[PDB]
RNA sequence: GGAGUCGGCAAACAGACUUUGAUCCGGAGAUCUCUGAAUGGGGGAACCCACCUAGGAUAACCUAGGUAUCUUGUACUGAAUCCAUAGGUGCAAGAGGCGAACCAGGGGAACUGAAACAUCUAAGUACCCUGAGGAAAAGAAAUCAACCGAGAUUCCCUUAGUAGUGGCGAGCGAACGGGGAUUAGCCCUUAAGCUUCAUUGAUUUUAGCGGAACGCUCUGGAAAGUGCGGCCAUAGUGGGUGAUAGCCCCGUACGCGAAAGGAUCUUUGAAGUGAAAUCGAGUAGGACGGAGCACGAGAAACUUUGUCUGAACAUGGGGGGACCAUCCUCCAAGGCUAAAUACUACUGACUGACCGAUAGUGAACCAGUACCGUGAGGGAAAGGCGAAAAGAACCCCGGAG
RNA sequence: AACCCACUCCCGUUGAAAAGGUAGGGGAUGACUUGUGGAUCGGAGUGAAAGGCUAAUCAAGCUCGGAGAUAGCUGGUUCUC
RNA sequence: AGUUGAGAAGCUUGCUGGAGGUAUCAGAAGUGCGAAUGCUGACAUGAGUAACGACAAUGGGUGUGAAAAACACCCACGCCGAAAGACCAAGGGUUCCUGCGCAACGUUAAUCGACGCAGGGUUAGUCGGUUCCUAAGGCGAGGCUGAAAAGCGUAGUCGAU
Ligand SMILES: [Mg+2]
Ligand SMILES: [Mg+2]
Ligand SMILES: [Mg+2]
Ligand SMILES: [Mg+2]
Ligand SMILES: [Mg+2]
Ligand SMILES: [Mg+2]
Ligand SMILES: [Mg+2]
Ligand SMILES: [Mg+2]
Ligand SMILES: [Mg+2]
Ligand SMILES: [Mg+2]
Ligand SMILES: [Mg+2]
Ligand SMILES: [Mg+2]
Ligand SMILES: [Mg+2]
Ligand SMILES: [Mg+2]
Ligand SMILES: [Mg+2]
Ligand SMILES: [Mg+2]
Ligand SMILES: [Mg+2]
Ligand SMILES: [Mg+2]
Ligand SMILES: [Mg+2]
Ligand SMILES: [Mg+2]
Ligand SMILES: [Mg+2]
Ligand SMILES: [Mg+2]
Ligand SMILES: [Mg+2]
Ligand SMILES: [Mg+2]
Ligand SMILES: [Mg+2]
Ligand SMILES: [Mg+2]
Ligand SMILES: [Mg+2]
Ligand SMILES: [Mg+2]
Ligand SMILES: [Mg+2]
Ligand SMILES: [Mg+2]
Ligand SMILES: [Mg+2]
Ligand SMILES: [Mg+2]
Ligand SMILES: [Mg+2]
Ligand SMILES: [Mg+2]
Ligand SMILES: [Mg+2]
Ligand SMILES: [Mg+2]
Ligand SMILES: [Mg+2]
Ligand SMILES: [Mg+2]
Ligand SMILES: [Mg+2]
Ligand SMILES: [Mg+2]
Ligand SMILES: [Mg+2]
Ligand SMILES: [Mg+2]
Ligand SMILES: [Mg+2]
Ligand SMILES: [Mg+2]
Ligand SMILES: [Mg+2]
Ligand SMILES: [Mg+2]
Ligand SMILES: [Mg+2]
Ligand SMILES: [Mg+2]
Ligand SMILES: [Mg+2]
Ligand SMILES: [Mg+2]
Ligand SMILES: [Mg+2]
Ligand SMILES: [Mg+2]
Ligand SMILES: [Mg+2]
Ligand SMILES: [Mg+2]
Ligand SMILES: [Mg+2]
Ligand SMILES: [Mg+2]
Ligand SMILES: [Mg+2]
Ligand SMILES: [Mg+2]
Ligand SMILES: [Mg+2]
Ligand SMILES: [Mg+2]
Ligand SMILES: [Mg+2]
Ligand SMILES: [Mg+2]
Ligand SMILES: [Mg+2]
Ligand SMILES: [Mg+2]
Ligand SMILES: [Mg+2]
Ligand SMILES: [Mg+2]
Ligand SMILES: [Mg+2]
Ligand SMILES: [Mg+2]
Ligand SMILES: [Mg+2]
Ligand SMILES: [Mg+2]
Ligand SMILES: [Mg+2]
Ligand SMILES: [Mg+2]
Ligand SMILES: [Mg+2]
Ligand SMILES: [Mg+2]
Ligand SMILES: [Mg+2]
Ligand SMILES: [Mg+2]
Ligand SMILES: [Mg+2]
Ligand SMILES: [Mg+2]
Ligand SMILES: [Mg+2]
Ligand SMILES: [Mg+2]
Ligand SMILES: [Mg+2]
Ligand SMILES: [Mg+2]
Ligand SMILES: [Mg+2]
Ligand SMILES: [Mg+2]
Ligand SMILES: [Mg+2]
Ligand SMILES: [Mg+2]
Ligand SMILES: [Mg+2]
Ligand SMILES: [Mg+2]
Ligand SMILES: [Mg+2]
Ligand SMILES: [Mg+2]
Ligand SMILES: [Mg+2]
Ligand SMILES: [Mg+2]
Ligand SMILES: [Mg+2]
């Protein structure tokens, strides 16, 4: 089971945005994630009149590696690793420091 | 000047064709020796 | 081919040695002829390509018994 | 012919400027059909589905154009065509 | 069209179920030829429906 | 299982799929065009033309089955010819083709060496052909030894480059006897064993599950790196994350897991086989021509056979390197038998004082491809932006270059 | 004349062409010329016979194997004192 | 670039480069290249030289175009006409037509093209095949022969020219 899921609450560790918070938007393959509000780029695309039209300069996020973010423990307010807890009938993700469920 | 290769598809299929190699065991080993090299053509 | 029906003898190979001891390949062939044998329990002649040594066996063991051996081993004479 | 084959013989109308001229001046329609469709099958299928009275069908086989690319020489699919002649006045609408 | 719902019928009214899809598969190809098709996914979906009916139609014996 | 997905080059634009469980992974099942042993008949492979039966239409057909040859058994029938033999039909079961090496046979070179060359060597090699199996073959003394004894076959080390053999030239080359790997014998007054089912249990295999421990500071685009202090260990020289990570991620040590298929070892019921009937006759021995034995006719014993002959019956027969006498030791002309042994086209795991794009496979890339040849056949070149496309909006010269 | 052939000169020889061209030349109802399909081949085929031809290769084709044949013969053999 | 040794060589630094290197002493070599008419790529000299492929032959006007000796049209010249015209077979396989193009191909330029891209185009009871029949020849149930592969051949069934 994935430790970092979609629509999570994470925090950036390592990278230029080290210390920012956001929510996971897209979980790309080959271990890359799109986290809202971090790693912003500007893309310049020719608005050629051929084949309709196109945009100019755009702002959008750029995927960063999956090992550069961690779950935010919003009780101690710091990055924590996670584990998988014994099942009543199903696995649940829990924090390593406090052994408490994450949602 | 007349050159050596004067094409014809009927005389091509009756000498080098698939059904001409499968008639004799000496031509059946040409096919096996070509299926082992990995050829894509394998027959004229 | 040149194989005795009742004994299975077939051609073999060997050498010719000249006085200077030159060796060349050769073959030894069985001495086999066609011959009709009277079969009493069938009232007709049966023709076989048997060797001369195969006739000595037929004379000794009989012909009805020899034909039985050929029948068992799938010989169509 | 089994009713399963009835729907598997016609593939669609053929769109061209020559087909549009025939559909007006001679009441003749051009279709794309299966490569193993005989003239008898096409005649029965057009009447069965479209509810018309076809009078004659001709047929021709079209080769696949061969195109050149950096990785070799690829070619398209051979297909079949049929000119279907209807009665003097009626439309082969869908 | 789940195969569970398909086993609730009989061969007599499954064969008309297969004929109903042949209309639908044909009509969608007539629209595609003229270019006035908007529901492009329906081509690949109808193909799967016929294959499933023919699957169950083989299990009755 | 647990949330994304509609394979890649290869990106884009639409249509969609779903926590009422998708894509994905494993077991089983269904469908499985045409050609190819190709098998209804032909044929220039991927094409052409049919027949019979059952069912369905009414027009110019549809659906499902079958129809090659040969071998074996069986039922019917029936030529010269009276009877029956050959033959002709219909049924059942089996074979056919492919595959790198290994195995047992059939046929079988030459270059070369001898500083020439014939006998000899290379060599029973290369090559061609035929069968079988996961192994094959050989196997239970008509064997050796030497008057003391051993005890089926197969493989390894010695004996030993020794005794022999050889235009006694170049060369070829044992055995006896020792040390080991393996352990096993049983039948023709019918056995061990081997198959195929039906059972009694166990173990593996085809997917997966959990899996411990790091904070602060400096340089820097980015910290894993500097400095300071901790924690985990049956897990510390694994891979990669924006530079060098036991504690960031995937893993690792270590424990768990199979609706259902495959395999193995297991007890006991059955059927079949072993299987040749009754201890071995055209057999042992002999003459001529060959082959094999380390042994090339040599004092040349022994095995085998193309031609021709040809015994005795346990007070009998074979062998002990010409031959004879005496002693010793075995019982041929009927069979079955595991392990130790050979190989790897194929799959998995780990490793390397192996290569790092003229190297390593011919081939890191859409390579047995492009290209060359009528064909068999021959056979290339060609890797790297950046951490992330953020791959250069907009203006000017220029042919809307 | 067409068609088949190739006696002379010159050009061309890195050619327009790995055997031609322009001028003349021989046969042109025959032992003639030609299309299509078929048969014979490597110590073998075929030859009105030149050892000629058998896919631009012939006093023994091409291809892959024995094979890295053999070479008392040429050539080459890499840093320092 | 400077410097140190008798030599193969060593060391210290400036610039480029952007992630790996290996002191000392031992251990293994695919361990040192100017030659082999050596092998593979790249690049020189000849040299801006020979040649631009039948010596039927071209001259103006207009148009398009960034740009016309070569493109399209018009007037006027030349050449073939038992072909240098038209049509079948073999062989080839989209070279056919239209719209948009000029990087490369065209022995020069190109607005043109048998060139690039994308669409379109081949309609049969009588034409040519297939189905029917056979020639040379091929294969060939049984059969005869042959170490094995296999050879020949009967019934038969393929094979047009
Ligand atoms: Mg021929
Ligand atoms: Mg070719
Ligand atoms: Mg010899
Ligand atoms: Mg037609
Ligand atoms: Mg295709
Ligand atoms: Mg078939
Ligand atoms: Mg056939
Ligand atoms: Mg057939
Ligand atoms: Mg077989
Ligand atoms: Mg032999
Ligand atoms: Mg020799
Ligand atoms: Mg020597
Ligand atoms: Mg010599
Ligand atoms: Mg010598
Ligand atoms: Mg000599
Ligand atoms: Mg020899
Ligand atoms: Mg087997
Ligand atoms: Mg055995
Ligand atoms: Mg015995
Ligand atoms: Mg022994
Ligand atoms: Mg004793
Ligand atoms: Mg001498
Ligand atoms: Mg896990
Ligand atoms: Mg962990
Ligand atoms: Mg690490
Ligand atoms: Mg950290
Ligand atoms: Mg038996
Ligand atoms: Mg006996
Ligand atoms: Mg005995
Ligand atoms: Mg004897
Ligand atoms: Mg004798
Ligand atoms: Mg002898
Ligand atoms: Mg001898
Ligand atoms: Mg001597
Ligand atoms: Mg004898
Ligand atoms: Mg004896
Ligand atoms: Mg003796
Ligand atoms: Mg045995
Ligand atoms: Mg390479
Ligand atoms: Mg490099
Ligand atoms: Mg290469
Ligand atoms: Mg001519
Ligand atoms: Mg001549
Ligand atoms: Mg002359
Ligand atoms: Mg003159
Ligand atoms: Mg003349
Ligand atoms: Mg002349
Ligand atoms: Mg005259
Ligand atoms: Mg004359
Ligand atoms: Mg003629
Ligand atoms: Mg021949
Ligand atoms: Mg000759
Ligand atoms: Mg020649
Ligand atoms: Mg020769
Ligand atoms: Mg010779
Ligand atoms: Mg050649
Ligand atoms: Mg050649
Ligand atoms: Mg050599
Ligand atoms: Mg050799
Ligand atoms: Mg030298
Ligand atoms: Mg770096
Ligand atoms: Mg590194
Ligand atoms: Mg070192
Ligand atoms: Mg070297
Ligand atoms: Mg050099
Ligand atoms: Mg030198
Ligand atoms: Mg050189
Ligand atoms: Mg030179
Ligand atoms: Mg120059
Ligand atoms: Mg000059
Ligand atoms: Mg000059
Ligand atoms: Mg000049
Ligand atoms: Mg000129
Ligand atoms: Mg010229
Ligand atoms: Mg020209
Ligand atoms: Mg002009
Ligand atoms: Mg002008
Ligand atoms: Mg001109
Ligand atoms: Mg004139
Ligand atoms: Mg054609
Ligand atoms: Mg083209
Ligand atoms: Mg054109
Ligand atoms: Mg144009
Ligand atoms: Mg230009
Ligand atoms: Mg140009
Ligand atoms: Mg074109
Ligand atoms: Mg016919
Ligand atoms: Mg005939
Ligand atoms: Mg024949
Ligand atoms: Mg036969
Ligand atoms: Mg016929
Ligand atoms: Mg015919
Ligand atoms: Mg004809």
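Protein chains in written order, with the entry's author numbering: chain W, 1 to 103; chain 6, 1 to 44; chain Z, 2 to 78; chain V, 1 to 94; chain 1, 1 to 61.
We treat Cβ as the ideally placed atom computed from N, Cα and C, and that holds for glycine.
Residue 77 (chain W) and residue 71 (chain W) have their C-alpha atoms spaced approximately 10 Å apart.
For the stretch 14 to 28 of chain 1, the set of residues with a beta-carbon nearer than 9 Å to any beta-carbon of chain V comprises 18, 19, 22, 23, 25, 26, 27, in chain order.
DSSP, reduced to helix, strand and coil, places residue 16 (chain Z) within a strand of the structure shown. Contact annotation: residue 33 (chain V) and residue 10 (chain V) have beta-carbon atoms nearer than 8 Å. When the five nearest sequence neighbours on each side are left out, the beta carbons in the same chain lying within less than 8 Å of the beta carbon of residue 50 (chain 1) are those of 18, 21, 22, 25, in order along the chain. Separation of the CB atoms of residue 8 (chain W) and residue 24 (chain W) is rounded to 5 Å, and the pair is thereby assigned contact status at 8 Å. For residue 47 (chain 1), not one C-beta of chain V is nearer than 8 Å to its own C-beta. The CB of residue 41 (chain V) never comes closer than 8 Å to any CB in chain 1; the least such distance is about 15 Å.
Of all alpha-carbon atoms in 74 (chain W), 79 (chain W), 65 (chain W), the one lying nearest the alpha-carbon of residue 38 (chain W) is that of 65 (chain W). Rounded to whole angstroms, the Cβ separation of residue 27 (chain Z) and residue 15 (chain Z) is 6 Å, and the two are in contact under 8 Å.
Spatial neighbours of residue 68 (chain W) in its own chain (CB-CB distance under 7 Å, excluding positions within 5 residues in sequence) are listed in chain order as 12, 13, 14, 15. Identification of chain 1 residues near residue 29 (chain V) by a Cβ-Cβ cut-off of 9 Å yields none; the smallest Cβ-Cβ distance measures about 12 Å. Cβ-Cβ separation between residue 54 (chain V) and residue 84 (chain V): approximately 6 Å, consistent with a contact (criterion under 8 Å).
Between residue 44 (chain 6) and residue 12 (chain 6) the beta-carbon gap is near 6 Å, inside 8 Å, which marks them as a contact. Between residue 50 (chain Z) and residue 30 (chain Z), the beta carbon gap of about 13 Å keeps them out of contact (Cβ cut-off 8 Å). Spatial neighbours of residue 79 (chain V) in its own chain (CB-CB distance under 7 Å, excluding positions within 5 residues in sequence) are listed in chain order as 32, 35, 62. Taking the beta carbon of residue 47 (chain V) as reference, no residue of chain 1 falls within 8 Å; the closest one sits roughly 15 Å away.
Judged by their CB atoms, residue 37 (chain Z) and residue 48 (chain Z) are nearer to each other than the 8 Å cut-off. Put simply, the CB of residue 1 (chain 1) is far from chain V, with every gap to its CB atoms at 8 Å or more.
At a cut-off of 8 Å between C-beta atoms, residue 12 (chain V) counts as an interface residue with respect to chain 1. For the pair residue 90 (chain V) and residue 30 (chain V), the CB atoms are not nearer than the 8 Å cut-off. In the three-state reduction of the DSSP assignment, residue 64 (chain Z) falls in the helix class.
For residue 21 (chain Z), there is no enclosing alpha helix (DSSP H), as DSSP marks it with neither H nor E. Residue 59 (chain W) and residue 43 (chain W) have their C-alpha atoms some 7 Å from each other. 8 Å or more divides the Cβ of residue 40 (chain W) from the Cβ of residue 63 (chain W). Straight across, the Cα-Cα distance linking residue 27 (chain 1) with residue 45 (chain V) is about 14 Å. The beta carbons of residue 45 (chain 1) and residue 11 (chain 1) sit about 24 Å from each other, so the pair does not count as a contact at 8 Å. Within chain 1, 18, 19, 22 have C-beta atoms less than 9 Å from the C-beta of residue 4 (chain V), given in sequence order. For residue 52 (chain Z), no alpha helix (DSSP H) segment is defined; the enclosing uninterrupted segment is the beta strand (DSSP E) at 45 to 52. Counted as a single uninterrupted DSSP element, the alpha helix (DSSP H) harbouring residue 25 (chain V) occupies residues 17 to 25.
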